[PDB]
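**Student:** Provided herewith: start_37.cif, mmCIF, C-alpha atoms and all ligand atoms.
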```cif
data_start
loop_
_atom_site.label_atom_id
_atom_site.label_comp_id
_atom_site.auth_asym_id
_atom_site.auth_seq_id
_atom_site.Cartn_x
_atom_site.Cartn_y
_atom_site.Cartn_z
CA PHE A 1 103.29 61.61 68.82
CA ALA A 2 106.64 60.40 70.10
CA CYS A 3 110.24 61.67 70.50
CA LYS A 4 113.75 60.25 70.39
CA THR A 5 117.24 61.54 71.12
CA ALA A 6 120.40 61.89 69.06
CA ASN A 7 121.95 58.42 69.09
CA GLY A 8 120.36 57.70 72.47
CA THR A 9 116.88 56.33 73.27
CA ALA A 10 113.24 57.25 72.71
CA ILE A 11 110.00 57.99 74.56
CA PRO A 12 106.98 56.33 72.84
CA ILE A 13 103.36 57.32 72.22
CA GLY A 14 101.83 58.10 75.61
CA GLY A 15 104.76 59.90 77.24
CA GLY A 16 107.33 58.73 79.79
CA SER A 17 110.95 59.59 80.56
CA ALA A 18 114.42 59.46 79.00
CA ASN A 19 117.95 60.54 79.91
CA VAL A 20 119.94 63.05 77.90
CA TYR A 21 123.68 63.36 78.39
CA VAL A 22 125.04 66.65 77.14
CA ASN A 23 128.53 67.93 76.42
CA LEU A 24 129.11 71.13 78.32
CA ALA A 25 131.88 73.71 77.86
CA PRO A 26 134.61 72.52 80.31
CA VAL A 27 135.60 76.02 81.53
CA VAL A 28 133.32 79.06 81.89
CA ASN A 29 133.97 82.40 83.60
CA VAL A 30 131.68 84.40 85.82
CA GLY A 31 129.40 86.42 83.57
CA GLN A 32 129.81 84.16 80.54
CA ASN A 33 127.10 81.90 79.04
CA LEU A 34 126.92 78.12 79.30
CA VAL A 35 124.69 77.09 76.44
CA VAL A 36 122.85 73.76 76.65
CA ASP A 37 121.21 73.30 73.25
CA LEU A 38 118.70 70.45 73.22
CA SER A 39 117.36 71.27 69.73
CA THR A 40 120.36 69.26 68.57
CA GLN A 41 119.41 66.29 70.80
CA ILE A 42 115.60 66.04 71.04
CA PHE A 43 113.29 65.43 68.07
CA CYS A 44 109.56 64.62 67.79
CA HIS A 45 107.08 63.87 65.05
CA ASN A 46 103.30 63.80 64.53
CA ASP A 47 101.91 60.28 63.91
CA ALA A 48 98.58 61.19 62.28
CA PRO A 49 99.44 64.47 60.51
CA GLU A 50 96.64 64.35 57.93
CA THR A 51 93.84 64.44 60.55
CA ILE A 52 95.54 65.46 63.86
CA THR A 53 97.70 68.42 64.87
CA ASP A 54 100.03 68.19 67.87
CA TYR A 55 100.63 71.08 70.24
CA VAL A 56 103.84 70.90 72.25
CA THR A 57 104.88 73.07 75.20
CA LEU A 58 107.65 73.17 77.76
CA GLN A 59 105.48 72.60 80.82
CA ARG A 60 108.14 72.88 83.46
CA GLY A 61 111.91 73.17 83.51
CA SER A 62 113.89 72.43 86.65
CA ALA A 63 117.49 72.91 87.74
CA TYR A 64 119.48 70.41 89.81
CA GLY A 65 122.90 70.02 91.43
CA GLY A 66 125.54 72.54 90.47
CA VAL A 67 123.32 74.25 87.94
CA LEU A 68 120.72 74.86 90.65
CA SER A 69 123.20 76.40 93.11
CA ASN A 70 125.97 78.00 90.98
CA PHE A 71 124.09 79.34 87.91
CA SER A 72 121.34 81.73 86.98
CA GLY A 73 119.74 81.78 83.57
CA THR A 74 117.02 81.47 80.99
CA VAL A 75 115.53 79.02 78.54
CA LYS A 76 114.94 79.96 74.96
CA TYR A 77 111.88 78.25 73.47
CA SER A 78 110.89 78.70 69.85
CA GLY A 79 112.74 82.01 69.65
CA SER A 80 111.49 83.40 72.95
CA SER A 81 113.32 83.52 76.31
CA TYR A 82 111.85 82.76 79.70
CA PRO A 83 113.42 82.53 83.15
CA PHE A 84 115.07 79.21 84.00
CA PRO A 85 114.05 77.46 86.26
CA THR A 86 110.66 78.05 84.65
CA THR A 87 107.74 79.80 86.36
CA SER A 88 105.07 79.06 83.78
CA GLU A 89 104.25 76.83 80.83
CA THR A 90 105.52 78.14 77.48
CA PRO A 91 103.36 78.86 74.41
CA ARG A 92 102.82 75.83 72.12
CA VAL A 93 104.84 74.74 69.07
CA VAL A 94 102.93 72.94 66.31
CA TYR A 95 104.03 69.53 65.07
CA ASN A 96 102.33 68.47 61.86
CA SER A 97 104.62 66.11 59.91
CA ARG A 98 105.80 62.51 60.18
CA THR A 99 109.35 63.80 59.73
CA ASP A 100 111.23 64.39 63.00
CA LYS A 101 111.46 68.06 63.90
CA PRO A 102 113.72 69.32 66.74
CA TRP A 103 112.34 70.34 70.12
CA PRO A 104 113.32 74.06 70.14
CA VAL A 105 114.77 74.24 73.64
CA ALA A 106 118.06 75.80 74.77
CA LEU A 107 119.19 76.74 78.27
CA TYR A 108 121.40 79.79 78.78
CA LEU A 109 123.26 79.58 82.06
CA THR A 110 125.68 82.09 83.54
CA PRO A 111 127.73 81.35 86.69
CA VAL A 112 127.51 83.47 89.87
CA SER A 113 130.56 85.02 91.57
CA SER A 114 130.38 82.60 94.53
CA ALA A 115 130.89 79.71 92.10
CA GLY A 116 134.47 78.50 92.04
CA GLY A 117 135.90 75.13 91.21
CA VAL A 118 133.77 72.34 89.84
CA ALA A 119 130.65 74.31 89.21
CA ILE A 120 129.04 71.23 87.57
CA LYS A 121 130.14 67.59 88.22
CA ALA A 122 130.33 65.13 85.27
CA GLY A 123 127.59 62.53 85.12
CA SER A 124 125.32 64.59 87.36
CA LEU A 125 121.76 65.65 86.72
CA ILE A 126 121.69 69.31 85.78
CA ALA A 127 118.14 69.85 84.64
CA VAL A 128 114.85 68.13 83.99
CA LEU A 129 112.69 69.53 81.21
CA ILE A 130 109.09 68.46 80.73
CA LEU A 131 107.51 68.33 77.26
CA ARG A 132 103.74 68.45 77.41
CA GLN A 133 101.92 67.28 74.29
CA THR A 134 98.23 67.74 73.45
CA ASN A 135 96.18 67.86 70.25
CA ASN A 136 93.04 69.03 68.46
CA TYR A 137 91.59 65.52 68.34
CA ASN A 138 90.97 64.22 71.85
CA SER A 139 91.43 64.50 75.60
CA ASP A 140 95.05 63.28 75.34
CA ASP A 141 97.57 65.17 77.51
CA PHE A 142 101.06 63.63 77.66
CA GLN A 143 104.34 64.46 79.45
CA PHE A 144 107.75 63.55 78.10
CA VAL A 145 110.20 63.92 80.93
CA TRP A 146 113.76 64.69 79.84
CA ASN A 147 116.44 64.20 82.49
CA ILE A 148 119.56 66.11 81.40
CA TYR A 149 122.96 64.85 82.62
CA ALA A 150 126.45 66.34 82.30
CA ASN A 151 129.00 64.49 80.18
CA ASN A 152 131.92 66.49 81.57
CA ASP A 153 133.07 68.68 84.46
CA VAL A 154 132.44 72.41 84.19
CA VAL A 155 134.84 74.70 86.01
CA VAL A 156 134.54 78.29 86.99
CA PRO A 157 138.05 79.75 87.19
CA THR A 158 138.25 81.69 90.41
CA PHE B 1 119.03 93.03 117.44
CA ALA B 2 116.65 95.20 115.45
CA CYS B 3 116.27 96.84 112.00
CA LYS B 4 114.93 100.07 110.52
CA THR B 5 114.57 101.49 107.03
CA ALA B 6 115.69 104.81 105.52
CA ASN B 7 112.47 106.86 105.97
CA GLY B 8 112.07 104.31 108.43
CA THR B 9 109.62 101.66 109.37
CA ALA B 10 111.04 99.16 111.80
CA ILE B 11 110.98 95.55 112.70
CA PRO B 12 111.61 95.23 116.45
CA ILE B 13 113.52 92.75 118.61
CA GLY B 14 111.98 89.32 118.04
CA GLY B 15 111.43 89.63 114.30
CA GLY B 16 108.38 90.50 112.18
CA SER B 17 107.48 92.09 108.86
CA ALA B 18 107.89 95.41 107.08
CA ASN B 19 107.37 97.09 103.74
CA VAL B 20 110.11 98.66 101.68
CA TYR B 21 109.39 100.83 98.70
CA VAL B 22 112.31 101.01 96.29
CA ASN B 23 113.07 103.43 93.48
CA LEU B 24 113.82 101.57 90.25
CA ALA B 25 115.53 102.63 87.05
CA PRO B 26 112.50 103.39 84.85
CA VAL B 27 114.16 101.92 81.72
CA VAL B 28 116.29 98.76 81.52
CA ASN B 29 117.45 97.16 78.26
CA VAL B 30 117.92 93.47 77.57
CA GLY B 31 121.55 92.73 78.49
CA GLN B 32 121.55 95.46 81.14
CA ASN B 33 121.15 95.01 84.93
CA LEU B 34 118.26 96.37 87.06
CA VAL B 35 119.84 96.97 90.49
CA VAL B 36 117.88 96.95 93.74
CA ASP B 37 120.28 98.00 96.51
CA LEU B 38 118.92 97.59 100.07
CA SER B 39 122.26 98.43 101.74
CA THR B 40 121.18 102.04 101.39
CA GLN B 41 117.68 101.27 102.71
CA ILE B 42 117.94 98.59 105.40
CA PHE B 43 120.01 98.98 108.60
CA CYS B 44 120.49 96.76 111.66
CA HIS B 45 122.28 96.90 115.00
CA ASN B 46 123.39 94.78 117.98
CA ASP B 47 121.62 95.60 121.30
CA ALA B 48 124.13 94.08 123.75
CA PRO B 49 127.48 94.18 121.88
CA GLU B 50 129.58 94.02 125.05
CA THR B 51 128.38 90.45 125.65
CA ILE B 52 126.56 89.28 122.54
CA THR B 53 127.51 89.08 118.94
CA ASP B 54 124.65 88.56 116.49
CA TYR B 55 124.73 86.40 113.36
CA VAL B 56 122.70 87.51 110.35
CA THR B 57 122.13 85.67 107.07
CA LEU B 58 119.82 86.04 104.12
CA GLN B 59 117.69 83.01 104.78
CA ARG B 60 115.49 83.02 101.73
CA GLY B 61 114.79 85.26 98.76
CA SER B 62 111.55 84.99 96.76
CA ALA B 63 110.59 86.80 93.52
CA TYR B 64 107.13 88.18 92.75
CA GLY B 65 105.00 89.80 90.08
CA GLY B 66 106.89 91.13 87.12
CA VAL B 67 110.28 90.24 88.57
CA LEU B 68 109.20 86.64 88.82
CA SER B 69 108.11 86.47 85.20
CA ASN B 70 110.28 88.78 83.07
CA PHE B 71 113.67 88.73 84.88
CA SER B 72 116.43 86.33 85.82
CA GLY B 73 119.04 87.28 88.31
CA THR B 74 121.26 87.00 91.32
CA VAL B 75 121.41 88.41 94.81
CA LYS B 76 124.64 89.82 96.20
CA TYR B 77 125.26 89.34 99.94
CA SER B 78 128.44 90.58 101.64
CA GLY B 79 130.47 90.64 98.42
CA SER B 80 129.39 87.25 97.03
CA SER B 81 126.66 86.59 94.45
CA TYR B 82 124.05 83.79 94.57
CA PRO B 83 121.10 82.77 92.38
CA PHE B 84 117.92 84.85 92.86
CA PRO B 85 115.32 83.53 93.76
CA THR B 86 117.54 81.73 96.28
CA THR B 87 118.18 78.02 96.59
CA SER B 88 119.88 78.10 100.01
CA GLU B 89 120.62 80.22 103.07
CA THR B 90 123.68 82.48 102.72
CA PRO B 91 126.79 82.68 104.92
CA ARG B 92 126.38 84.95 107.98
CA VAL B 93 127.41 88.57 108.42
CA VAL B 94 128.44 89.58 111.96
CA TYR B 95 126.77 92.39 113.96
CA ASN B 96 128.72 93.60 116.98
CA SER B 97 127.99 97.29 117.47
CA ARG B 98 125.14 99.50 118.51
CA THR B 99 125.78 101.56 115.41
CA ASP B 100 123.34 100.98 112.58
CA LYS B 101 125.10 98.95 109.89
CA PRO B 102 123.56 98.34 106.44
CA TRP B 103 122.17 94.94 105.54
CA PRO B 104 124.53 94.17 102.68
CA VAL B 105 121.90 92.94 100.16
CA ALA B 106 121.50 93.85 96.47
CA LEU B 107 119.42 92.23 93.71
CA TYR B 108 120.81 92.17 90.13
CA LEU B 109 118.07 91.53 87.59
CA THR B 110 118.26 91.22 83.80
CA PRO B 111 115.17 91.13 81.53
CA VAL B 112 114.46 88.22 79.28
CA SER B 113 114.33 88.75 75.51
CA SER B 114 110.58 87.90 75.33
CA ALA B 115 109.97 90.87 77.63
CA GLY B 116 108.51 94.09 76.28
CA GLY B 117 106.67 97.04 77.78
CA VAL B 118 105.89 97.55 81.45
CA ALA B 119 107.81 94.60 82.88
CA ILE B 120 107.32 95.75 86.50
CA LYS B 121 104.24 97.71 87.73
CA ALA B 122 104.41 100.57 90.26
CA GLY B 123 103.23 99.48 93.70
CA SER B 124 103.74 95.79 93.06
CA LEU B 125 105.48 93.27 95.25
CA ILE B 126 108.67 92.28 93.48
CA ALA B 127 110.62 90.36 96.13
CA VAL B 128 110.53 89.07 99.67
CA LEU B 129 113.85 88.84 101.49
CA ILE B 130 114.08 87.06 104.80
CA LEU B 131 116.75 88.12 107.29
CA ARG B 132 117.59 85.46 109.80
CA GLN B 133 119.26 86.58 113.02
CA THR B 134 120.73 84.31 115.69
CA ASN B 135 123.47 84.81 118.33
CA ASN B 136 126.14 83.16 120.48
CA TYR B 137 124.26 83.71 123.74
CA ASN B 138 120.95 81.78 123.65
CA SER B 139 118.35 79.89 121.60
CA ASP B 140 117.13 83.02 119.77
CA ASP B 141 116.50 82.60 116.03
CA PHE B 142 114.41 85.44 114.66
CA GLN B 143 113.05 86.25 111.25
CA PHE B 144 112.79 89.70 109.75
CA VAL B 145 110.49 89.48 106.70
CA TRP B 146 111.14 92.21 104.12
CA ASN B 147 108.44 92.84 101.56
CA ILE B 148 109.86 94.81 98.61
CA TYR B 149 107.59 96.89 96.38
CA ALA B 150 108.37 98.89 93.28
CA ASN B 151 107.94 102.61 93.68
CA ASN B 152 107.59 103.13 89.96
CA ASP B 153 107.00 101.36 86.64
CA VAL B 154 109.94 99.61 84.95
CA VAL B 155 109.87 99.34 81.21
CA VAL B 156 111.78 96.95 78.97
CA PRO B 157 112.13 98.43 75.46
CA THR B 158 110.88 95.92 72.91
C1 LIG C 1 93.07 58.89 63.94
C2 LIG C 1 93.34 57.65 64.80
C3 LIG C 1 94.33 58.01 65.91
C4 LIG C 1 95.58 58.51 65.21
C5 LIG C 1 96.66 58.87 66.21
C6 LIG C 1 96.97 57.61 66.98
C7 LIG C 1 98.12 57.89 67.93
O1 LIG C 1 97.84 58.92 68.88
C8 LIG C 1 99.15 59.32 69.29
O2 LIG C 1 99.71 60.00 68.10
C9 LIG C 1 98.92 61.18 67.68
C10 LIG C 1 99.27 61.88 66.35
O3 LIG C 1 100.61 62.37 66.36
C11 LIG C 1 98.90 62.19 68.83
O4 LIG C 1 98.20 63.37 68.41
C12 LIG C 1 98.26 61.51 70.07
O5 LIG C 1 98.18 62.42 71.18
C13 LIG C 1 99.07 60.27 70.47
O6 LIG C 1 100.42 60.62 70.81
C1 LIG C 2 124.19 92.14 130.26
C2 LIG C 2 123.58 91.24 129.18
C3 LIG C 2 122.48 91.99 128.42
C4 LIG C 2 121.90 91.03 127.38
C5 LIG C 2 120.78 91.72 126.59
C6 LIG C 2 120.23 90.73 125.55
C7 LIG C 2 119.11 91.37 124.72
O1 LIG C 2 118.61 90.45 123.71
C8 LIG C 2 118.31 91.22 122.50
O2 LIG C 2 119.56 91.76 121.96
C9 LIG C 2 120.53 90.74 121.60
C10 LIG C 2 121.83 91.37 121.10
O3 LIG C 2 121.54 92.17 119.94
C11 LIG C 2 119.92 89.87 120.53
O4 LIG C 2 120.86 88.85 120.13
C12 LIG C 2 118.64 89.22 121.05
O5 LIG C 2 118.07 88.45 119.98
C13 LIG C 2 117.68 90.32 121.44
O6 LIG C 2 117.40 91.10 120.28
#
```
Could you quickly redo this structure as structure tokens?
Ligand SMILES: CCCCCCCO[C@H]1O[C@H](CO)[C@@H](O)[C@H](O)[C@@H]1O
Ligand SMILES: CCCCCCCO[C@H]1O[C@H](CO)[C@@H](O)[C@H](O)[C@@H]1O
**Tutor:**
Amino acid sequence: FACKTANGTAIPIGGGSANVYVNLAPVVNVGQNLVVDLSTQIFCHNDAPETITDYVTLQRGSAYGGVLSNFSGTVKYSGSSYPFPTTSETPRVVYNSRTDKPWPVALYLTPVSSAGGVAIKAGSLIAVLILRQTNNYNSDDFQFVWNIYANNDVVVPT
Amino acid sequence: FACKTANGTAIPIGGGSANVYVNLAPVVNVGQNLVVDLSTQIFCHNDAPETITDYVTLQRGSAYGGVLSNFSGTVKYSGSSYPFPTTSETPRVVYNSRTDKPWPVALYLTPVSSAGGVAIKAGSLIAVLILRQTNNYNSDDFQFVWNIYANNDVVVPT
């Protein structure tokens, strides 16, 4: 089991970490949704599909920088929404094909009234999502740490 | 500086802890706000206003039980909104009168789509707000710990 990103890098069998730079809407008002869709940027595949099945959860999702202080929100995972930053590990998604399937994660962030100005700075870490992978075959328990960075400035018009 | 509640328990000079039971809207839809307004339930006053002016912030806000798991939200403090659970201490509100003035705190909670049924249980701890009071006179820095419980069940229609 391993994952890669859209045009970026990969994290191999065993787990590890990778950076993900995401394009964010450059202007968002108070009460509107910032949507960070990672199902268009993170993809994994099962490496022994005929004998092993891989179970994949979002173990922990964390907010940083401007997203931590100026936003409140949720994370949608395989069609279900949970509070973001996360307070518990999500239910598992099954990966059983050598073809790359998306990691079904999306953050839904809305700015707070006290936000004003550069709510998120470009190039800055905005979230870190952790993909935990297990299986039906052995003791293996692996974390793929995704560090999410902003490609652009986000502004909240005051 | 001291505080009381509406049918009132009190936290005396020096700080301490108290319980607050709050009436909640029994039904809240996804996309709607559950509003917990403590400005109608928590009141404070200055004990030597002719010489001392007291500074009061919301130091920390923590979410519990069903609020922790099925809601995302913000906390409003003196006309500005911040993420709830909190990530930082708020700006200070000034107390300079022996008259009881409300603590200007309100929670604004919205249920997550994966929620359904009794999202908050009656009698359960749903938040803990910490009032920090200081002043311009001496070293005093006192904490008033507010434990917020639901008076009734809150249901999210699935
Ligand atoms: C049947 C012989 C072993 C065959 C799978 C070898 C590779 O194991 C890696 O790939 C596996 C299959 O995707 C994962 O389930 C496992 O946790 C790890 O990521
Ligand atoms: C003629 C000067 C009288 C001075 C009385 C000071 C009394 O201190 C109490 O009341 C002060 C004013 O509310 C508080 O700042 C302090 O923390 C404590 O609650």
**Student:** Neighbours of region 97-99 of chain B within 9 Å (all atoms listed in the file; same-chain residues fewer than 6 positions away dropped), as an MDAnalysis selection string?
**Tutor:** chainID B and resid 1 44:50 53
**Student:** Could you list, as a PDB file with C-alpha atoms, in the frame of the given file, the residues of chain B having an atom within 9 Å of chain A when counting all atoms listed in the file?
**Tutor:**
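Output file iface.pdb is given in full below:
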```
ATOM      1  CA  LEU B  68     109.200  86.640  88.820  1.00  0.00           C
ATOM      2  CA  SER B  69     108.110  86.470  85.200  1.00  0.00           C
ATOM      3  CA  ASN B  70     110.280  88.780  83.070  1.00  0.00           C
ATOM      4  CA  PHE B  71     113.670  88.730  84.880  1.00  0.00           C
ATOM      5  CA  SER B  72     116.430  86.330  85.820  1.00  0.00           C
ATOM      6  CA  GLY B  73     119.040  87.280  88.310  1.00  0.00           C
ATOM      7  CA  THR B  74     121.260  87.000  91.320  1.00  0.00           C
ATOM      8  CA  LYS B  76     124.640  89.820  96.200  1.00  0.00           C
ATOM      9  CA  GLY B  79     130.470  90.640  98.420  1.00  0.00           C
ATOM     10  CA  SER B  80     129.390  87.250  97.030  1.00  0.00           C
ATOM     11  CA  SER B  81     126.660  86.590  94.450  1.00  0.00           C
ATOM     12  CA  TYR B  82     124.050  83.790  94.570  1.00  0.00           C
ATOM     13  CA  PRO B  83     121.100  82.770  92.380  1.00  0.00           C
ATOM     14  CA  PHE B  84     117.920  84.850  92.860  1.00  0.00           C
ATOM     15  CA  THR B  86     117.540  81.730  96.280  1.00  0.00           C
ATOM     16  CA  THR B  87     118.180  78.020  96.590  1.00  0.00           C
ATOM     17  CA  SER B  88     119.880  78.100 100.010  1.00  0.00           C
ATOM     18  CA  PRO B 111     115.170  91.130  81.530  1.00  0.00           C
ATOM     19  CA  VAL B 112     114.460  88.220  79.280  1.00  0.00           C
ATOM     20  CA  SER B 113     114.330  88.750  75.510  1.00  0.00           C
ATOM     21  CA  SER B 114     110.580  87.900  75.330  1.00  0.00           C
ATOM     22  CA  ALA B 115     109.970  90.870  77.630  1.00  0.00           C
TER      23      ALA B 115
END
```
**Student:** Would you write out chain A as a short mmCIF file (atom, residue, chain, number, x, y, z; two decimals) with C-alpha atoms, keeping the file's coordinate frame, after superposing it on chain B by least squares over all in-order Cα pairs?
**Tutor:**
```
data_model
loop_
_atom_site.label_atom_id
_atom_site.label_comp_id
_atom_site.auth_asym_id
_atom_site.auth_seq_id
_atom_site.Cartn_x
_atom_site.Cartn_y
_atom_site.Cartn_z
CA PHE A 1 118.84 93.02 117.63
CA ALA A 2 116.48 95.07 115.51
CA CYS A 3 116.38 96.80 112.09
CA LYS A 4 114.81 99.88 110.53
CA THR A 5 114.52 101.33 107.04
CA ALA A 6 115.60 104.60 105.45
CA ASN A 7 112.89 107.08 106.43
CA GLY A 8 110.34 104.27 106.63
CA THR A 9 109.50 101.95 109.55
CA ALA A 10 111.22 99.38 111.76
CA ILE A 11 111.06 95.74 112.83
CA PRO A 12 111.69 95.35 116.61
CA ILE A 13 113.50 92.81 118.79
CA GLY A 14 111.96 89.42 118.04
CA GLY A 15 111.50 89.74 114.27
CA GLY A 16 108.42 90.48 112.17
CA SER A 17 107.78 92.18 108.83
CA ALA A 18 108.12 95.56 107.11
CA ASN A 19 107.55 97.02 103.64
CA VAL A 20 110.31 98.55 101.56
CA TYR A 21 109.46 100.72 98.58
CA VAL A 22 112.35 101.06 96.16
CA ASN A 23 113.06 103.37 93.25
CA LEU A 24 113.83 101.33 90.18
CA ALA A 25 115.40 102.46 86.90
CA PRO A 26 112.35 103.38 84.73
CA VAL A 27 113.71 101.91 81.47
CA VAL A 28 115.99 98.87 81.09
CA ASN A 29 116.97 96.93 77.97
CA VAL A 30 117.24 93.21 77.48
CA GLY A 31 120.64 92.13 78.76
CA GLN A 32 121.12 95.15 81.03
CA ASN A 33 121.13 95.09 84.86
CA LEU A 34 118.38 96.36 87.14
CA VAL A 35 120.09 96.94 90.45
CA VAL A 36 118.01 96.91 93.64
CA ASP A 37 120.38 97.99 96.41
CA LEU A 38 118.92 97.44 99.87
CA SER A 39 122.18 98.25 101.70
CA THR A 40 121.03 101.84 101.28
CA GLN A 41 117.61 101.07 102.82
CA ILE A 42 117.99 98.40 105.53
CA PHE A 43 120.09 98.81 108.68
CA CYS A 44 120.44 96.73 111.88
CA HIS A 45 122.31 96.95 115.14
CA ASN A 46 123.35 94.67 118.02
CA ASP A 47 121.62 95.53 121.34
CA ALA A 48 124.03 93.82 123.76
CA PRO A 49 127.36 94.11 121.91
CA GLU A 50 129.62 93.76 124.96
CA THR A 51 128.38 90.23 125.81
CA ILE A 52 126.45 89.02 122.70
CA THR A 53 127.37 88.70 119.03
CA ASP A 54 124.67 88.62 116.35
CA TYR A 55 124.89 86.45 113.26
CA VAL A 56 122.74 87.55 110.33
CA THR A 57 121.98 85.62 107.14
CA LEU A 58 119.73 85.98 104.13
CA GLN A 59 117.61 82.89 104.76
CA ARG A 60 115.45 83.05 101.69
CA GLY A 61 114.89 85.51 98.87
CA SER A 62 111.81 85.32 96.69
CA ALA A 63 110.69 86.97 93.46
CA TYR A 64 107.14 88.14 92.74
CA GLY A 65 105.09 89.71 89.95
CA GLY A 66 106.99 91.07 86.99
CA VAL A 67 110.36 90.33 88.52
CA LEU A 68 109.38 86.67 88.89
CA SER A 69 108.25 86.30 85.26
CA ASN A 70 110.31 88.82 83.23
CA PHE A 71 113.74 88.79 84.96
CA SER A 72 116.56 86.46 85.81
CA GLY A 73 119.29 87.36 88.26
CA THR A 74 121.40 87.13 91.36
CA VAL A 75 121.71 88.56 94.84
CA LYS A 76 124.97 89.90 96.11
CA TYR A 77 125.42 89.37 99.86
CA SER A 78 128.45 90.65 101.72
CA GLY A 79 130.51 90.69 98.54
CA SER A 80 129.40 87.29 97.26
CA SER A 81 126.79 86.51 94.58
CA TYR A 82 124.18 83.79 94.71
CA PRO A 83 121.31 82.93 92.38
CA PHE A 84 118.11 84.93 92.87
CA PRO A 85 115.52 83.60 93.73
CA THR A 86 117.70 81.97 96.38
CA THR A 87 118.27 78.21 96.68
CA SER A 88 120.07 78.20 100.01
CA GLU A 89 120.75 80.30 103.09
CA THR A 90 123.75 82.63 102.76
CA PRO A 91 126.81 82.66 105.05
CA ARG A 92 126.43 84.89 108.15
CA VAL A 93 127.42 88.55 108.61
CA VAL A 94 128.47 89.61 112.11
CA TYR A 95 126.78 92.50 113.88
CA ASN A 96 128.62 93.67 116.97
CA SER A 97 127.92 97.38 117.56
CA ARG A 98 125.03 99.52 118.79
CA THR A 99 125.55 101.71 115.72
CA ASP A 100 123.31 100.83 112.76
CA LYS A 101 125.17 98.94 110.05
CA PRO A 102 123.62 98.30 106.59
CA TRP A 103 122.22 94.92 105.60
CA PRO A 104 124.58 94.06 102.69
CA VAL A 105 121.98 92.91 100.17
CA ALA A 106 121.64 93.88 96.50
CA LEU A 107 119.63 92.19 93.76
CA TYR A 108 120.95 92.17 90.20
CA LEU A 109 118.15 91.59 87.72
CA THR A 110 118.39 91.36 83.95
CA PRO A 111 115.28 91.21 81.71
CA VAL A 112 114.56 88.30 79.33
CA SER A 113 113.86 88.76 75.60
CA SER A 114 110.16 87.87 75.99
CA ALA A 115 109.77 90.86 78.33
CA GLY A 116 108.29 93.87 76.59
CA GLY A 117 106.28 96.73 77.93
CA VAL A 118 105.72 97.22 81.63
CA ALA A 119 108.11 94.62 82.88
CA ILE A 120 107.44 95.75 86.49
CA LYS A 121 104.27 97.62 87.64
CA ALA A 122 104.60 100.51 90.15
CA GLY A 123 103.44 99.77 93.67
CA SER A 124 103.73 96.03 93.13
CA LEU A 125 105.59 93.51 95.23
CA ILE A 126 108.78 92.52 93.47
CA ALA A 127 110.62 90.51 96.07
CA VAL A 128 110.52 89.33 99.65
CA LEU A 129 113.84 88.91 101.42
CA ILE A 130 114.13 87.15 104.76
CA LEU A 131 116.77 88.17 107.32
CA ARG A 132 117.47 85.42 109.81
CA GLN A 133 119.19 86.49 113.02
CA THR A 134 120.80 84.25 115.65
CA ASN A 135 123.51 84.68 118.28
CA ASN A 136 126.17 83.09 120.48
CA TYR A 137 124.11 83.60 123.63
CA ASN A 138 120.88 81.62 123.44
CA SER A 139 118.36 79.60 121.46
CA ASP A 140 117.01 82.76 119.77
CA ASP A 141 116.32 82.44 116.03
CA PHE A 142 114.48 85.40 114.46
CA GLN A 143 113.18 86.26 110.96
CA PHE A 144 112.84 89.80 109.67
CA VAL A 145 110.65 89.66 106.62
CA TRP A 146 111.26 92.45 104.11
CA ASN A 147 108.56 92.94 101.48
CA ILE A 148 110.04 94.96 98.60
CA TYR A 149 107.67 97.10 96.50
CA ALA A 150 108.25 99.09 93.31
CA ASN A 151 107.98 102.88 93.48
CA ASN A 152 107.82 103.25 89.70
CA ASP A 153 107.09 101.43 86.44
CA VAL A 154 109.97 99.62 84.76
CA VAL A 155 109.82 99.26 81.00
CA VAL A 156 111.66 97.00 78.67
CA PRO A 157 111.86 98.71 75.28
CA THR A 158 110.91 96.14 72.70
#
```
**Student:** Which one of A:51, A:147, A:90, A:59 sits closest to ligand LIG 1 (chain C) if you count all atoms listed in the file?
**Tutor:**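 The shortest atom-to-atom distance to ligand LIG 1 (chain C) comes from A:51.
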**Student:** Between CA of residue 149 (chain B) and CA of residue 89 (chain A), what is the distance, to one decimal in Å?
**Tutor:** 25.6 Å
**Student:** Looking at all atoms listed in the file, which of A:93, A:56, A:24, A:120 is the one that sits closest to ligand LIG 1 (chain C)?
**Tutor:**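 Among the listed residues, A:56 lies closest to ligand LIG 1 (chain C).
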**Student:** Have a look at CA of residue 109 (chain A) and CA of residue 36 (chain A) and let me know their distance in Å, one decimal.
**Tutor:** 8.0 Å
